[PDB]
Amino acid sequence: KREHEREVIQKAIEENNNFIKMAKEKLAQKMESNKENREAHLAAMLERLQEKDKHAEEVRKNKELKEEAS
Amino acid sequence: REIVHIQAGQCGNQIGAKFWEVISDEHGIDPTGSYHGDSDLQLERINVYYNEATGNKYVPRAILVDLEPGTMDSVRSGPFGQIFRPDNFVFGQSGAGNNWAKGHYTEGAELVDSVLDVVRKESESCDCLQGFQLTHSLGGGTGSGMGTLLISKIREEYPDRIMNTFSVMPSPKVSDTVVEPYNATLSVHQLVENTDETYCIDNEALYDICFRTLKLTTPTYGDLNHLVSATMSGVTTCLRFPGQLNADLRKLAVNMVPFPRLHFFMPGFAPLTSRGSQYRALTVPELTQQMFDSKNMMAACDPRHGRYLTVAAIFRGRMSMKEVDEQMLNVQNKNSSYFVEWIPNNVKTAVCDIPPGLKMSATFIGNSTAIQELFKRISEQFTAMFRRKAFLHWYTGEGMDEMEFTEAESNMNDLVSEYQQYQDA
Ligand SMILES: Nc1nc2c(ncn2[C@@H]2O[C@H](COP(=O)(O)OP(=O)(O)O)[C@@H](O)[C@H]2O)c(=O)[nH]1
Ligand SMILES: [Mg+2]
Ligand SMILES: [Mg+2]
């Protein structure tokens, strides 16, 4: 019976500690994966805007070509 | 022949404090521990419950246990609060939240060793220890969980001694929490295995007595504790005063317990007093009829629904012994069917000249098979919740497993079937 009394209290510790452990790791994983997702959304947004600038440089150059071949 | 008294939890300490106030008065001991009595027949067996200290002071051999200081601070301030040994107050700060698992496995396990150190100290100073008596409730957490934990540890250290308890059974009529059937079932499982004798004090019976008999509509714990302390006084008279019947815990157990597991007693008392009641002195025939009546039982069981295995009656005060014997013989002859025929002379009678209080009273102690009605009521309530796993998270959250509940439920159902078997014999 003393053997079981020690198994009960150790089971309670192992469960609370393991719960605290999992929650800590899952929260850090969520905050990290969120950071990655938000930064990816901004990176794609800026990539789209940059592709638009590259196109404006190509338009200004396309005018430079037409003016010289006039 | 010393008895080590232990009181645990709110209930255990409240009924325990009253028991000490009551007997201290009976033995002529004042709150300071000094003797000022008008008879010496108060000091003859005073050593059964009191130790003798330095300036001719008598100190209760009591250990006060609780996981919350509240109730024990109330005791220390009450009338006889100064009578107890200050070192014998052993208490924690985080209570038990009416959770058996907390009292037995977590909170209680942290405090238990320090209690055992006090128990051991009180035992080492015993010329010849007969055993221990624990007061507690089975519906709470400290008295229920930690109390049965203490019983288990004490038995390991003193396997050859008697373990006696005054166990207050829970009832919806006087309830503190819905998890009382869980706590009670878990405790009864411990009691069936680790006690030699348990006095079943039912809060349902104490309530019905206060309500239906005394007409105390809206009774308080103080009202229930009035009956308890009076019954506790009566059932321990044979141990505190010079006598021949059930004079010690072992002889009481030998006379009252025919089967090891069937050691749950139904106390009874007469007259049923109400705190500050009126004028008459009950004749011996009146005392006898009342103490055997279902309405005077401290356990909510109808003795007419079962049979008595053994009975111990105690009369207190100046009365005719011839009339006592005539009345005691008459109750049995008039109800011989309710006493098992296979246990000859199973009703023993004792008389004490010193009355409680009152001019004359009678205390009944019965090992009846009808006690199964108490265990059935609890088992029904326990099953109604366990079937749907209600409130189990509070217990499993402390480390306990569902298997432990299934075993406690099963052991109590076995106890009921055993009481029924001997009722049909
Ligand atoms: N007769 C009686 N029953 C009590 C008293 N206090 C609590 N109870 C009962 O005991 C149970 C609660 O246990 P309690 O002693 O309060 O809690 P613990 O501190 O966990 O042992 C319930 O079944 C209550 O009805 C009291 O002073 N007298
Ligand atoms: Mg208690
Ligand atoms: Mg309790």
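Note that chain B is numbered according to Swiss-Prot, with residues 2-279, 281-358, 360-428 shown in order.
A Cβ is built for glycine as well, from the same backbone N, Cα and C atoms used for every other residue.
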Site-mate of B:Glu69, B:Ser138, B:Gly142, B:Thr143, B:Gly144, B:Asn204, B:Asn226 for GTP in Swiss-Prot, selected among B:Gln11, B:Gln43, B:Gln279: B:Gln11
Of the recorded positions listed as B:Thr55, B:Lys58, B:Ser172, B:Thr290, the one whose CA lies nearest the CA of B:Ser138 (GTP binding site): B:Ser172
Of B:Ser40, B:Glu69, B:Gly144, B:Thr285, recorded positions neighbouring ligand 2, Cβ under 6 A: B:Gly144
Among B:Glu69, B:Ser138, B:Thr143, B:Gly144, B:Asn226, B:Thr290, the recorded positions whose C-beta sits under 6 Å from ligand 3: B:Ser138, B:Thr143, B:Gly144
Neighbour count (Cβ, 10 Å) for B:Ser172 (phosphoserine): 22
Nearest of the binding-site residues (B:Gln11, B:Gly142, B:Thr143, B:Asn204, B:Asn226) to B:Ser40 (phosphoserine) - Cα to Cα: B:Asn226
Fewest other C-beta atoms within 10 angstroms, as judged across B:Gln11, B:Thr143, B:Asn226, which are the binding-site residues: B:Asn226
Residue from B:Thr55, B:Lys58, B:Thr285, B:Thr290, B:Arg318 whose C-alpha is spatially nearest that of B:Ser172 (phosphoserine), among the recorded positions: B:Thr290
